[PDB]
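Here the structure is laid out as C-alpha cells; the discussion comes afterwards.
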Amino acid sequence: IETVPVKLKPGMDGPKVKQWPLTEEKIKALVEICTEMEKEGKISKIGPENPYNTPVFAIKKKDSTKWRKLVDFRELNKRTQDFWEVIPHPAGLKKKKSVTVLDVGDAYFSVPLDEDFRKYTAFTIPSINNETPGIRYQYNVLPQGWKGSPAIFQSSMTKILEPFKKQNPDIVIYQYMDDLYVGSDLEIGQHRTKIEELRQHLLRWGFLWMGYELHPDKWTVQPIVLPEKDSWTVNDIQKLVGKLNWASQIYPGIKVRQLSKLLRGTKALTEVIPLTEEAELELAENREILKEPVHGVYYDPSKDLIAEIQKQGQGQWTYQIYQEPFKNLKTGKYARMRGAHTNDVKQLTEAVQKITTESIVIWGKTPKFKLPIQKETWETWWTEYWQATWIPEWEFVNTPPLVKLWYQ
Amino acid sequence: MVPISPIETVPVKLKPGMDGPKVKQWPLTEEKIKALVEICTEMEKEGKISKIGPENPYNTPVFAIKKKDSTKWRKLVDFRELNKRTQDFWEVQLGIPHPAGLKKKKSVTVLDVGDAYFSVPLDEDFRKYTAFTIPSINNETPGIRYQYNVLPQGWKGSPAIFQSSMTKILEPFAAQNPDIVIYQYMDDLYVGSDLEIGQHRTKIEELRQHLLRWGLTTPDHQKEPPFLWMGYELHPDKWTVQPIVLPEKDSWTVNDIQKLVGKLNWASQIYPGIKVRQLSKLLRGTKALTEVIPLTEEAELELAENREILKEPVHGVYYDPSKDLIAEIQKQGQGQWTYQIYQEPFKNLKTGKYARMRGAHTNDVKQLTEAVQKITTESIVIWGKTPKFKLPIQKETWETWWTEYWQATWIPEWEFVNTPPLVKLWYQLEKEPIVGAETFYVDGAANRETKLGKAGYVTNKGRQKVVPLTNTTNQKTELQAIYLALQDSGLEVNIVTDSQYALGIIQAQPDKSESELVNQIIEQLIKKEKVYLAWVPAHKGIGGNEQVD
Ligand SMILES: Cc1cc2cc(C#N)cn2c(C)c1Nc1ccnc(Nc2ccc(C#N)cc2)n1
Ligand SMILES: [Mg+2]
Ligand SMILES: [Mg+2]
Ligand SMILES: [Mg+2]
Ligand SMILES: [Mg+2]
C-alpha cells in the first residue's frame, strides 16, 4: 500500500536500450497481455517525455500454451541501487532430495511502485515494419524480472510463508527473482502434494500452478579421468601426455617424464608402444593425484561466477563453472536430447538455462557465460528457445579451445 | 461555439542541473526589426506567442531572413542553445518503414495537418525558457519580449511532441477503422485503404470531422501518387528507389567513390546483383575527399556490371501477409553475396547483399551463415517472420559441417537450390590417425632479434627436411613447417605439431585467408585424400624435433 523509495546508482541515468525485432506472434501476444495489464492498472501509457527504454519479448514456459511477457531488465538491474535488507543464501538447498521451482512473479503485481522510479521501467511494444508508433508503457507496480521486486516484496513474502515454514521446518525455501525454489527430502508424490499445499497457501493469501522439479542430490559433476588400455598407440600416449600436461596446471604433482620417454624417437602414430614400468607407475601416481579435489578452491560472493561450455558433438555438451582459472567450483556434462536433435542453438540455449538454474541453487546467483558461438547467430536465435524468467550475461568465444578434447 | 477538446500538454524539463538559455540578441537592421515586429504581431494575435514582462531572465536569439518567397520576411528563432539544454525525448521516427513491408492500397489520400501543429500547446512551466527579444529601433526602448505558447519550429521537442499528440488523437479513429491505414510524415497525414473511392472519401471526411473535435482544420492536396518518400517512390501497387544515376567521369576522387558506393548500396535493395567490393577496396586508408584515386581494372569491371544492372527501372512489389516469404541467396565471389526476397516467383519484394566481415581467415559456409542471419533479422523487422531459404549448398554438406564444427551453428528452414557456384567443404580432417600413412613430426622456430628461423620435419620412414628462413617469426615457421609436411607427403598423411597457434587456425577450417602461407596450406589440404592433425605439448621430449633452433 506504501511504496518504498527506490533510486538508481549515483552518477547513472536510466536505461536506454533498443527494442530488438519481434515476430508477429510475440507482438500479438504482448499486445493482448499488455492490454489486460493496462486495464488492471499494472502498467500505464507514457508520453515522449520518457526517453528511457528496456527491451521486451514473450516466451512459452515449460509445457504450457500461454505466452508470458518477459522484460530484459539486465541493464536496469545493474543500474539499480543495491538493496541491502541488512541474504547469505541457503547451503542446504542443493543438498535436498527434490527442489520444485515455482513462478511467483504475479505476486509482485500487488505492490505499488515508487512514482519517481516508474519512468525507468519504460518499455516498447514494436510494430511490424515500424508502420505504427510503438506502444509505450511503464510499470505502476513491481515488475517481473526487476532486481528490486524480490528485495522489496521480501517482507511480504516472509510473512505470507510463516505458517508453512513454521509447520514444515525441514523444507528449504529460497527466492531468486521471479522464482521460488522449494526443497524437501520427502517422497515425490508427497512432495508434489506439499508443493500444491504451498501454492494454494499462496493463492489464498493472494501462472503459479506450474512446477519445475530438480533433484540436486543426483547432480553428477565430472572428475578428470584417464584411459585404461591394454595396448597404447603413439597417438594414445600423445593424447594422454597432452591431457596430463593440461591437468598439471590444476593439480600440482602431475608428471609426464616417463610417459614422455616413450614418445622419444619418431614413430608411426598407430604403432603400439608397450608401457614401461616407470611409465605405468607414473600413470598410476597421476591417476591417484586426480582422485583428490583441487587445492585452494573457494567461493567468493564478491566475485563473478564464470561458465564455459564446449560442444562435444552428438548432442553432448560439457561445462565448467569457476571464479579463478583452473579452480573449478563445478563441472558437468549434458547428453540430453530435449526436442533439440537437429538444432545446435536450441541445445546450447537449454544448456545455458540448466547451468544457470544449477548455479542459482548452489550459489544463489548467475554466471557470466562464455559461449562457443558467433554473436550474430546467438543474438538472432536465443529468444526463440528461452523458457526462463531470468536472463544471464554472456560473451562469445571465436577461437576454438584445445580444452574441449580434455573434457571428453 | 462548438466546444473543442483540449490537447493535453507534455511535461517538459531541462536536462538535470541545467538552467535555461541566456543568449545575447544580435543587432538587427531597422528593416529586419520592423519586419519582425509585424510577424510577431500576427503570431501574437494568433495565440502562438505572448508578450512577457521584464522578470524573465532567459533569452534566445531571433533572426529575420529574406523569405523563400520573393517578397516577404521570415522569422527564424535560433534554438541551438535551448536544444542543448533540453531533455532527450522518445523519438518514434527511428527505424523507418521499409516499402517492401507495406501492403498494397487501392487508394492513398494526403491531408495537410500543418494548421494542427500550432494547435498543440507548449508545457506551461517550460514556456519561459523559449523567451526571445525583438531589438528596439535604435536601441532606445526596451526590446519587445515574447515567449511561445505552442511548439516552436526548430525546438528539440517539437517533432516528438507533435507526433505523439497526433498519434494520441488518431488512436481511437484507427482502432475503430481497421480497414484503413494512417501514417504521419512532417505536416502530412497519409490515409490508405482498399475501399471503393466513394467509401474512401467517406472515411476521409469522417477523419476530418474527428480531427475537428479537437478544432483541427484541414485545407479541404498537392501531393498524389507516386510519392517521393525517404529516397523511394511509392506507387499504389509497387515501389522502387528514386532514380539512380551513376555519373560519367574521366577521373574519380575519394568523395566521388564514396558517393558512388552510397548510390550502389541504396540501389542494392531493389536492383539485384549489385557489387561494391572492388570499388570499396579503393577507399581504405585515405581520409582525403579531394584525393584522386585511379580505378583498378576490377573496379572498372564492377562499375560496368553495375551500370548494366541499373540501365532500366526495376520495381519491388508489396507484401501479402497471406503468402509465404521466400529468400534466395547466391555467392558472387570475393566475399560478396546477393539475395532476393519474394512470394510469387520472379516478383521480388526486395533484394540485397552481404559482404564478409573483415578478418584474418574465413570460409564460404560461415559467410553463407552470416548472410542467412542478417536476412533473418531484416526479415523479422520488415515482415515479422523468417523467410524460407533457398541456398546454394547441399544438405549433406551442411550436415557434415554443422555436425563437425566446434561452434554451435544453425540455419532456419531451408532447401538446396542448384545454381552454381555451390558452397562446399574443400577439405575435411581425420578424427583418428591413419594406418599406413607416413607420420610427419613438424617444428619451426625463429630468433626474435635476428628474425632468422628454421622450419621442418622428421618422419617415421626417416624422411627429413629443414629449411632456413629470413624475416620470420615463431608462428610463421610453425605454419611453414606444416606446409612442408603437406608438400612432401603422399595423399594420406599424419602430421604432429606442438603449435597451438597453427592448430587454432586450422581447426577453424578456413577455405581462404589473408596470409598467403595459410592459403598455400589450404591448397595442399584440398589436394590431400586424408589428413590427420595431432597436437602435442612442446618441450616434453616428444619425437617433434629441435633440431630447429
Ligand atoms: C498509408 C501509408 C501512406 C504513406 C505515404 C507515404 C509517403 N510519402 C508513406 N506512407 C506510409 C508509410 C504509409 N503506411 C502504410 C501502412 C501499411 N501499408 C502501406 N502501403 C502503401 C501502399 C501504397 C502507397 C502508395 N502510393 C503507400 C503505402 N502503407
Ligand atoms: Mg527469431
Ligand atoms: Mg532614451
Ligand atoms: Mg535507375
Ligand atoms: Mg618444440
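Starting from 1 in every chain, residues are counted up; chains themselves are A, B, ... following the order of the C-alpha cells, and ligands are numbered from 1 as listed.
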
Within 8 Å of chain B, which residues of chain A are there when counting only C-alpha atoms? Please give them as a PyMOL selection string. chain A and resi 21-24+47-52+128-134+235+238-239+241-242+245+256-257+260-261+263-270+310-314+343-345+348+372-374+376-377+380+399-401

Using only C-alpha atoms, which protein or nucleic acid residues come within 6 Å of residue 179 in chain A? Drop anything in the same chain fewer than 6 positions from it, and give the result as a PyMOL selection string. chain A and resi 102-104

One decimal, in Å: what's the spacing between CA of residue 26 in chain B and CA of residue 62 in chain B?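 Computing it gives 7.7 Å between the two atoms.
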
Tell me which protein, DNA and RNA residues are within 10 Å of residue 85 in chain A, counting only C-alpha atoms, leaving out same-chain ones fewer than 6 positions away, and put them as a PyMOL selection string. chain A and resi 151-152+154-155

Contacts of ligand 3, 12 Å or closer, only C-alpha atoms and all ligand atoms, given as a list in words: residues 136, 137, 138, 139, 140, 141 and 142 of chain B

Next, dump the selected residues to file, keeping only N, CA, C and O atoms, as a PDB file, in the first residue's frame.
```pdb
ATOM      1  N   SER B 136      14.773  46.875 -30.162  1.00  0.00           N
ATOM      2  CA  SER B 136      14.010  48.079 -30.480  1.00  0.00           C
ATOM      3  C   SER B 136      14.715  48.927 -31.534  1.00  0.00           C
ATOM      4  O   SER B 136      15.928  48.801 -31.738  1.00  0.00           O
ATOM      5  N   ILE B 137      13.948  49.778 -32.212  1.00  0.00           N
ATOM      6  CA  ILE B 137      14.521  50.721 -33.165  1.00  0.00           C
ATOM      7  C   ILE B 137      15.530  51.641 -32.471  1.00  0.00           C
ATOM      8  O   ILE B 137      15.205  52.291 -31.474  1.00  0.00           O
ATOM      9  N   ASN B 138      16.753  51.669 -33.003  1.00  0.00           N
ATOM     10  CA  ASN B 138      17.850  52.489 -32.477  1.00  0.00           C
ATOM     11  C   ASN B 138      18.219  52.195 -31.021  1.00  0.00           C
ATOM     12  O   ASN B 138      18.867  53.016 -30.372  1.00  0.00           O
ATOM     13  N   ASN B 139      17.838  51.016 -30.530  1.00  0.00           N
ATOM     14  CA  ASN B 139      18.075  50.602 -29.138  1.00  0.00           C
ATOM     15  C   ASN B 139      17.650  51.630 -28.076  1.00  0.00           C
ATOM     16  O   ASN B 139      18.249  51.688 -27.002  1.00  0.00           O
ATOM     17  N   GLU B 140      16.632  52.436 -28.363  1.00  0.00           N
ATOM     18  CA  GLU B 140      16.240  53.495 -27.429  1.00  0.00           C
ATOM     19  C   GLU B 140      15.043  53.146 -26.542  1.00  0.00           C
ATOM     20  O   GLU B 140      14.639  53.944 -25.699  1.00  0.00           O
ATOM     21  N   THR B 141      14.485  51.956 -26.734  1.00  0.00           N
ATOM     22  CA  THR B 141      13.421  51.446 -25.874  1.00  0.00           C
ATOM     23  C   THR B 141      13.732  50.002 -25.484  1.00  0.00           C
ATOM     24  O   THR B 141      14.574  49.361 -26.117  1.00  0.00           O
ATOM     25  N   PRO B 142      13.082  49.489 -24.425  1.00  0.00           N
ATOM     26  CA  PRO B 142      13.219  48.052 -24.152  1.00  0.00           C
ATOM     27  C   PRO B 142      12.737  47.220 -25.331  1.00  0.00           C
ATOM     28  O   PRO B 142      11.691  47.519 -25.903  1.00  0.00           O
TER      29      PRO B 142
END
```

Contacts with ligand 1 at most 10 Å, only C-alpha atoms and all ligand atoms counted, listed as a VMD selection string: (chain A and resid 128 to 132) or (chain B and resid 96 to 110 180 to 186 188 to 194 223 to 239 317 to 319)

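For range 197-203 of chain A, the residues within 9 Å (counting only C-alpha atoms, excluding itself and residues fewer than 2 positions away along the chain) are residues 102, 104, 107, 160, 161, 164, 192, 193, 194, 195, 205, 206, 208 and 209 of chain A.
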
May I ask which of the residues A:340, A:186, A:284, A:279 is the closest one to residue 172 in chain A, counting only C-alpha atoms?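 Among the listed residues, the smallest separation from residue 172 in chain A belongs to A:186.
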
Within 8 Å of ligand 4, counting only C-alpha atoms and all ligand atoms, which protein or nucleic acid residues do you find, written as a list in words? residues 241, 242, 243, 244, 245, 267, 310, 311, 312, 313 and 314 of chain B

Would you list the contacts of residue 304 in chain B as a PyMOL selection string, taking every protein, DNA or RNA residue within 12 Å and counting only C-alpha atoms, but skipping same-chain residues closer than 5 positions in sequence? chain B and resi 246-248+274-276+278-279+297-299+309-311

List every residue of range 506-549 of chain B that DSSP, applied to the backbone of this structure, places in helix (DSSP H, G or I), and write the result as a VMD selection string. chain B and resid 506 516 to 527

Include C-alpha atoms and write out the residues we just selected as a PDB file, in the first residue's frame.
```
ATOM      1  CA  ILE B 506      43.331 -24.921 -38.952  1.00  0.00           C
ATOM      2  CA  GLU B 516      49.390 -16.414 -48.327  1.00  0.00           C
ATOM      3  CA  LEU B 517      51.020 -19.107 -46.184  1.00  0.00           C
ATOM      4  CA  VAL B 518      47.669 -20.268 -44.788  1.00  0.00           C
ATOM      5  CA  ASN B 519      46.396 -20.126 -48.375  1.00  0.00           C
ATOM      6  CA  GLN B 520      49.137 -22.434 -49.611  1.00  0.00           C
ATOM      7  CA  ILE B 521      48.430 -24.806 -46.747  1.00  0.00           C
ATOM      8  CA  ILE B 522      44.737 -24.796 -47.692  1.00  0.00           C
ATOM      9  CA  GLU B 523      45.578 -25.640 -51.315  1.00  0.00           C
ATOM     10  CA  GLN B 524      47.693 -28.538 -50.057  1.00  0.00           C
ATOM     11  CA  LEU B 525      44.860 -29.755 -47.816  1.00  0.00           C
ATOM     12  CA  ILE B 526      42.437 -29.647 -50.731  1.00  0.00           C
ATOM     13  CA  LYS B 527      44.790 -31.847 -52.735  1.00  0.00           C
TER      14      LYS B 527
END
```

Nearest-residue call for ligand 5, choices B:444, B:47, B:273, B:468, using only C-alpha atoms and all ligand atoms: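 With only C-alpha atoms and all ligand atoms as the atom set, the closest residue is B:444.
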
Point out the residue among A:213, A:271, A:25, A:63 with the least atom-to-atom distance to ligand 2, counting only C-alpha atoms and all ligand atoms.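 Result for the nearest residue to ligand 2: A:25.
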
Got a sec to tell me which of range 269-514 of chain B DSSP assigns to strand (DSSP E), as a PyMOL selection string? chain B and resi 316-317+326-333+336-342+348-355+361-362+388-391+414-416+438-446+453-459+464-469+492-497+512-513

Give me, please, the distance in Å between CA of residue 122 in chain A and CA of residue 46 in chain A, quoted to one decimal.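 It comes out at 8.0 Å.
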